[PDB]
Amino acid sequence: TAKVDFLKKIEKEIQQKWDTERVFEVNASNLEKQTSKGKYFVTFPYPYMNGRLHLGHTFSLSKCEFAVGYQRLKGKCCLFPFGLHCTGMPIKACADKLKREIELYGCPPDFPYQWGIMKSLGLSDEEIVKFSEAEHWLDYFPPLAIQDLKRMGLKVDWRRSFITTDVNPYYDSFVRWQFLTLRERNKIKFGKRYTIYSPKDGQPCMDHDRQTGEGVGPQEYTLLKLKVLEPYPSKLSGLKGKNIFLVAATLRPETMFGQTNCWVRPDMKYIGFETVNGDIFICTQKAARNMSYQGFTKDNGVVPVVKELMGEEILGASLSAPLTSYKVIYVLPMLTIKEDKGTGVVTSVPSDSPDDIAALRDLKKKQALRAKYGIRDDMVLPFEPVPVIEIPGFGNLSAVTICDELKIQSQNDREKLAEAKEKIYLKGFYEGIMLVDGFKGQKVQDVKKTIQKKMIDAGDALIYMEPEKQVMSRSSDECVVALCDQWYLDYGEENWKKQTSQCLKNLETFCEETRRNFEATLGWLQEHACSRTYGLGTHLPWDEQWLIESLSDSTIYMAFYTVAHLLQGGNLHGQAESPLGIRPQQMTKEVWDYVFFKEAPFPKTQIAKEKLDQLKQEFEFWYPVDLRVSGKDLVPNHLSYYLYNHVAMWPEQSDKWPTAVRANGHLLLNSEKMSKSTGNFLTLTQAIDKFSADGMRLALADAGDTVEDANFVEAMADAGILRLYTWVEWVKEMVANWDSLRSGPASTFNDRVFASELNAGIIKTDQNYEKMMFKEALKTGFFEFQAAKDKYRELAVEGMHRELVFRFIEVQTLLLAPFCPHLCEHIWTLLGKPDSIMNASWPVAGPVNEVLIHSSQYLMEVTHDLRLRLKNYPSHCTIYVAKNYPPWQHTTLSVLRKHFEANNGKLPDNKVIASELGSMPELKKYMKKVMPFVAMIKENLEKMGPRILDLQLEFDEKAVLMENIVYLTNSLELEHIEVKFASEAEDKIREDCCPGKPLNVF
Ligand SMILES: CC(C)C[C@H](N)C(=O)NS(=O)(=O)OC[C@H]1O[C@@H](n2cnc3c(N)ncnc32)[C@H](O)[C@@H]1O
Ligand SMILES: CC(C)C[C@H](N)C(=O)O
């Protein structure tokens, strides 16, 4: 317990040191004069401030944190800036939701939550009243997140942090210049388009202000109009005189030539309302909402309800359907009707829809179902399936044949209906052929749109856009697809999309699945609505009313990082003075152009040339973005617009486009989802309070480095705390007893073994750090490192050589630095080292000899087997080692060598090997042992390479054994071990013992 407290004390002291020394503040004015090794620009997409920062954000930023901790030791000058996102509606949604139940009820509010979560954060009762305005959120949460980050100890130049709404005037001017240049180059466009839309919010709902289906778009439906013919059913008598239409949703208009009736749900509530032209549409509630927002009614979003009813009161109504062969069809019931899709009204195409003919047969069999709703004989019997589309494998009546073949007798046969619908699902999309006149012998793929247009021009069909899946907004409002006018980014331009495809070709994605997602979201993208009305951010500069959504004012902000320290200089809101003395309003479009475009002319500005040149130098030095780390959730939306805007703003300078992007999965805590509902959740401050942020970073580096979800194990973090405490106390012990170690030459066998192991570990760690596999880098550089250390301590009977010990300590403190830099800086100061550890470089690795590491692993295996066999049955041990392989083993290994040499290293199957070795007489007595032997061989062939195929070992087995017999006798608690050369041994040993696998008897 006190170990974590000691760690936190060290962290706070070293953070005070890092702040007072200002070691992480980098400036292009100083670093461009010393061309050290090149720049390294990492970026973390700023998170939203609608709450404290949790462990997922920390895991996502740990990637670039460790990356800069590694690259700064390799000589590259690192830039890790960090912004803070406050654009967007979520803040406002939560706050006004709070006001809703704060003023319609009391304080505390009476029930039968949100205020509960706020008090769970622990604010004072008289302080949540101050949370009505978002101004207090932006004055409160950015400082707290910054404090949490500084307590974590990130290598950030904090003078470059800022806020993203109009509260910050400098970022506001930056966004204004961005959008002015974008609309200047025809990248923005005003127009009336379809989009997901939140009625309660009154604006298009994009991916970052939703609550379900974070990538759902609109989906098109052909909406057929069916004239309700007289005699009107009873419940409609009040609306006599006007036109009454049943609106039915479909995606297969070409099948409407074979309509027989109209399926409705008898126990669902339908609503009939008035359209814009005075007619009456009958649909469901949400269908009416969607239609109203798609300009179907007189007023946008207004549904004048003229009658509410049930499906039972609708059955038997005569209908005039479009394109049907029957001049009169009827309204029939259907019980298997989903209450979410479409209008609650489906078409009856029994020739190519299986559920339709199923229901038709259920009605046609008995008087029970046919009379079950007043459906007289005339509404079921004469309605036969109408052959309209011929699928070659089934005939003119496809669904009929496939259902009669799969032996289905229940419209409610969900398994069999699913089967039958799957069988001809797509074979009617291509292989289907029209049969009606005008289209006799047409590919249905080439006529469905023309038939849709034919119905629309006839005034019998319309377009209905619906959310492909149910979408909830930030305001708990069910989104609908609305046709609204807005300013949108035309991400569908051919030239722009092709240029971004070239950028993706040049972009470095760390896996192929990331590039797959990028190509898919590039092919899927189209006009994207960037205009909002409710929320925060920056207004459109030419249209002061339209606000900019969070996913559009956050595309090229990384250029603002390069000058945030000289424009507002640390102050988040930009209210204070400018360190360069540049007024907030003084930044004009041409000023930004000169700062960010290379060939831009110096504009007419009262700003002196020195400051503009300094900003241009900063930008032209740090850019482009070398790396952007994020979770894979921002792949389809954020990083796509990121590359798009980087291509659009600099269409001539590909050298300034993003260099690389790294995607990680979402974080799991104790193998469980991080959710406030399950009690398995850790904010950054709680995680630091519990796991000594150094150690939290350690466990995060071990959490994972793949696209799959990483796992944060608390027990692993505690184990890391214990290991670090043992390491620190061991280093203290060594500092104490330096005078109690061996001096002189590092010439002992174990000294060489440990030194080569250390150098190999250095190499493995560097190679894992370049590839950003932080889990594997930790495995090679900390765990295996400590293992080699403890092995060398165990085997060094003549005392550990001080030079090797402290070279190891130095190298370990270096390799662990990017993970737990507080403890590493503490140890670096404990060594009496003059400067801070952030100035150190990469440790140079000496020569590596594979053969001595192989002999060390050999001794390890020998010790393991010795402790195994000591279990049963002493004082003396006797070991036997074979020079050459026994004749049968030598022959089998020669055969395996031939089979390896002949075919580029592919040993045949066990079958061929057993067959050919049964074809050798010299193995007749040993065919029982031959196949096991070979088997074992194969294992090691995949375990430690082909070196086991050599007819003789790379080292002296007997001398290697004899260089550590002392440790073996001391650990095995014996009295003597005689090593004999296996030829003096008896028959069994001399016959079965092979080189590399010695035997022994006590
Ligand atoms: C520039 C702008 C358009 C970005 C925008 N401000 C934004 O996305 N803000 S945010 O508050 O949710 O995302 C912050 C980052 O943290 C990662 N992350 C979030 N949650 C988790 C989690 N549970 N587990 C793992 N990672 C998580 C996520 O990928 C994201 O990159
Ligand atoms: C495509 C679906 C919405 C409708 C289907 N073709 C049917 O007749 O039931």
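Parameters at a glance
- Residues numbered from 1 in each chain as written, not as in the entry; some residues may be left out.
- Chains lettered and ligands numbered in written order.
- Heavy atoms only, no water.
- UniProt positions renumbered as here; feature names shortened; annotations may be inferred.
- Helix = DSSP H or I, 4+ residues; strand = E, 2+ residues; numbered from the N terminus.
- Expected span 1.5 Å × (residues − 1).
- Buried < 20%, exposed > 50% of the residue type's maximum accessible area, 1.4 Å probe, protein only.
- Salt bridge = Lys/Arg side-chain N within 4 Å of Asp/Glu carboxyl O.
- Near = heavy atom within 4 Å.
- Areas by Shrake-Rupley, 256 points an atom, 1.4 Å probe, with all protein chains shown as cover.
- 1 Å grid on protein atoms, 1.4 Å probe; cavity = no way out; pocket = protein on both sides within 12 Å on 5 of 7 lines; lining within 4 Å.
- Sits in = over half its atoms within 2 Å of the grid points.
- Nonpolar A, V, L, I, M, F, W, Y, C, P; charged D, E, K, R; others polar.
- Contact = heavy atoms within 4.5 Å.
- Polar contact = N/O pair within 3.5 Å; in protein donor to acceptor, adjacent residues only side chain to side chain.
- Points joined across faces, edges and corners; volume = space filled by probe spheres on them.
- Pairing = 2+ DSSP bridges.
- Axes fitted to C-alpha atoms, helices over the stretch in contact; angles between N-to-C directions.
- Parallel < 35°, antiparallel > 145°, perpendicular 65-115°, else oblique.
- Left-handed = near helix turned anticlockwise from the far one by under 90°.
- Core = buried A, V, L, I, M, F, W, Y, C linked by side-chain atoms within 4.5 Å.
- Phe/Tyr/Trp six-rings, centres within 6.5 Å; stacked < 30°, edge-to-face > 60°.
- Patch = residues over 30% accessible without salt bridge, like charges linked within 9 Å, V, L, I, M, F, W, Y side chains within 5 Å.
- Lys, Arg positive; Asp, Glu negative; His and termini not counted.
- Charge placed at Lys NZ, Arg CZ, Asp CG, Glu CD.

This entry lists X-ray crystallography as its structure determination method and reports a resolution of 4.0000 Å.

If you look the protein chain up in the PDB entry, it shows as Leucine--tRNA ligase, cytoplasmic from Homo sapiens. Here the PDB entry title reads "Crystal structure of methylated human leucyl-tRNA synthetase, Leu-AMS-bound form". The Subcellular location comment attached to the protein chain in UniProt states, word for word, "Cytoplasm". Under the heading Sequence similarities, UniProt records this for the protein chain: "Belongs to the class-I aminoacyl-tRNA synthetase family."

## Some points on helix α22 (residues 714-736)
Here α22 contains 23 residues, and its C-alpha end-to-end distance of 33 Å stays within 8% of the 33 Å for a straight helix at 1.5 Å per residue. When we look at burial in α22, the residues that qualify are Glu714, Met716, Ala717, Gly720, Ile721, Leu724, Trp727, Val728, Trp730, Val731 and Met734.

## Some details on the pattern of salt bridges
Within this structure, the stated rule accounts for 53 salt bridges. With a closest N to O distance of 3.0 Å, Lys453 and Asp457 form a salt bridge. Here the residue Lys453 and the residue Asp457 both occupy positions in helix α13 (residues 448-457), the gap between them amounting to four residues, near one helical turn. According to the relative accessible area criterion, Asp457 is exposed, its value standing at 55%. Across the pair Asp702 and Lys775 runs a salt bridge whose closest N-O atoms are separated by 3.1 Å. Taken as a pair, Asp702 in helix α21 (residues 694-703) and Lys775 in helix α24 (residues 774-795) lie far apart in primary sequence, 73 residues in all. Beyond isolated ion pairs, a larger network of salt bridges with shared partners links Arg22, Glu25, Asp157, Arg159, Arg160 and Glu618.

## Here's the deal with the site of ligand 2
Residues in close proximity to ligand 2 include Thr250, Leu251, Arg252, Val346, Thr347, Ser353 and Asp356, which together make up its full environment. Burial of ligand 2 by the protein amounts to 77% of the accessible area it has alone, namely 290 Å². The pocket occupied by ligand 2, as judged from atoms lying within 2 Å of grid points, is the second largest pocket. Its residues placed into classes, the shell around ligand 2 shows two nonpolar, three polar and two charged.

## Structural notes on helix α11 (residues 398-405)
Spacing of three or four residues puts side chains on the same side of an α-helix, whose turn is 3.6 residues. Taken together, the buried positions of α11 are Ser398, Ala399, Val400, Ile402 and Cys403. Looking at the buried positions of α11, the neighbouring elements they touch are α9 (354-365), β14 (389-390) and α12 (414-423). Just beyond α11, the residue with positive phi is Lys407, at close to 60°.

## Focus: the environment of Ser552
Structurally, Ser552 is set in the loop between β21 (547-548) and α16 (558-567). Note: C-alpha distance between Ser552 and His528 (24 residues apart in sequence) is 9.4 Å. Ignoring any residue separated from it by four or fewer positions in sequence, one finds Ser552 in contact with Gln178, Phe179, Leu489, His528 and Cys530. Here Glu549 takes part through its side chain, which lies 2.9 Å from a polar atom of the side chain of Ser552.

## A few points about the site of ligand 1
Taken together, 22 residues lie near ligand 1, and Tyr46, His57, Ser60, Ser630 and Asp633 sit nearest. Between ligand 1 and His57 there is a distance of 2.8 Å, counted from an oxygen atom to a side-chain nitrogen or oxygen. Measuring from an oxygen atom of ligand 1, one finds a side-chain N or O atom of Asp633 at 2.9 Å. Considering ligand 1 on its own, with 650 Å² of exposed area, one finds that the protein chains cover 91% of that surface. Where the shell around ligand 1 is concerned, the elements lending two or more residues are α3 (55-71) and β22 (627-631).

## Observations regarding the layout of surface pockets
Here the second largest pocket is characterised by a volume of approximately 1,400 Å³. Taken together, 42 residues make up the lining of the second largest pocket; nearest its centre are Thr250, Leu251, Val346, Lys421 and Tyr425. Secondary structure elements with two or more residues in the lining of the second largest pocket: β5 (218-228), β6 (244-250), β13 (345-348), α9, α12 and α13.

## A few points about empty space enclosed by the protein
There is about 90 Å³ of room inside the largest cavity. Residue lining of the largest cavity: 14 residues in total, with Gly88, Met89, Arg532, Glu549 and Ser550 positioned closest to the centre.

## Here's the deal with the sheet that holds strand β29 (residues 999-1001)
As summarised here, the arrangement of the three strands in space is β28-β27-β29, forming an open sheet in which the pairing is mixed. Each edge of the open sheet is held by one strand with a lone partner, namely β28 (976-980) and β29. Adjacent strand axes in the sheet meet at a mean angle of 25° when their direction is disregarded. The pairing of strand β27 (residues 876-880) with β29 spans three bridges and is antiparallel. Across the sheet, the residue bridging to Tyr880 is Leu999, located in β29.

## Concerning the pairing of strand β12 (residues 329-333)
The side chains of a regular strand alternate, first on one face of the sheet and then on the other. Taken across its five residues, β12 has five buried, putting it largely inside the fold. Both strand β7 (residues 261-264) and β12 contribute to a ladder of four bridges, which runs parallel. The residue bridging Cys262 from the neighbouring strand is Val331, located in β12. Summarising the sheet, strand β11 (residues 318-320) and β12 pair through two bridges and their orientation is antiparallel.

## Observations concerning the packing of helix α28 (residues 887-902) against helix α30 (residues 927-943)
For the pair α28 and α30, the least separation of the axes is 11 Å and the interaxial angle reads 50°. As judged from the angle between their axes, α28 and α30 are oblique. The two elements α28 and α30 meet at a crossing, and its hand is right-handed. Residues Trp888, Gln889, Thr892, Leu893, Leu896 and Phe900 of α28 form the contact with α30, whose own contacting residues are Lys929, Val930, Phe933, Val934, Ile937 and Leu941. A class-by-class count of the residues in the contact of α28 with α30 yields nine nonpolar, two polar and one charged.

## Quick word on the side chain of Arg370
Position of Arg370 relative to the elements: it lies in helix α10 (residues 367-371). With a relative accessible area of 11%, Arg370 lands in the buried category. If near-sequence neighbours (up to four positions away) are discounted, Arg370 is found in contact with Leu363, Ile375, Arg376, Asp377, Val380 and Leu381.

## Quick word on the nonpolar core
Generally speaking, nonpolar side chains in soluble globular proteins are found buried as a group. Core analysis: the largest hydrophobic core is formed by 110 residues, its most contacted members being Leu55, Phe80, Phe82, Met696, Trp730, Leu816 and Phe819. Apart from residues lying up to four places away in sequence, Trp730 is in contact with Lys789, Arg793, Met800, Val805, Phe808 and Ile809. Counting residues in hydrophobic clusters, the runner-up holds 72 residues, among them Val26, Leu79, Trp177 and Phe619.

## Brief notes about the packing of aromatic side chains
In this description, an aromatic ring pair is defined by two values, namely the gap between the centres and the angle between the planes. Taken as a whole, this structure holds 71 aromatic pairs when the rule is applied. Pairing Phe111 with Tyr113 gives two aromatic rings, centres 4.5 Å apart and planes at 75°, and the pair type is edge-to-face. Exposure remark for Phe111: the relative accessible area of 33% places this residue in the partly exposed category. Look at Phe174 and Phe596: their rings are 5.7 Å apart centre to centre, the planes differ by 70°, and that puts the pair in the edge-to-face class.

## Considerations on the environment of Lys928
Summarising the element assignment, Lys928 is placed in helix α30. Measuring from C-alpha to C-alpha, the distance between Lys928 and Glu939 comes to 19 Å, with 11 residues separating the pair along the chain.

## Observations regarding a nonpolar patch on the surface
On the surface, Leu104, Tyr105, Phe111 and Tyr113 cluster together to form a nonpolar patch covering roughly 470 Å² of accessible area. Considering the arrangement of structural elements, one finds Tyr113 in the loop between α4 (90-103) and α5 (115-121). Residue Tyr113 is classed as exposed on the basis of its relative accessible area, which comes to 68%.

## Brief notes about a negative patch on the surface
Together, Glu133, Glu135, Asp139 and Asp166 give the surface a local cluster of negative charge. Of note, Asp166 is situated in the loop between α6 (134-152) and α7 (169-184). Looking at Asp166, the relative accessible area reads 33%, which means it is partly exposed.

## As for a positive patch on the surface
On the surface, a cluster of positive charge is contributed by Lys338, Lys341, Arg414 and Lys421. Inspection of the secondary structure assignment puts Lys421 in helix α12. Residue classification places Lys421 among the partly exposed positions, given a relative accessible area of 37%.

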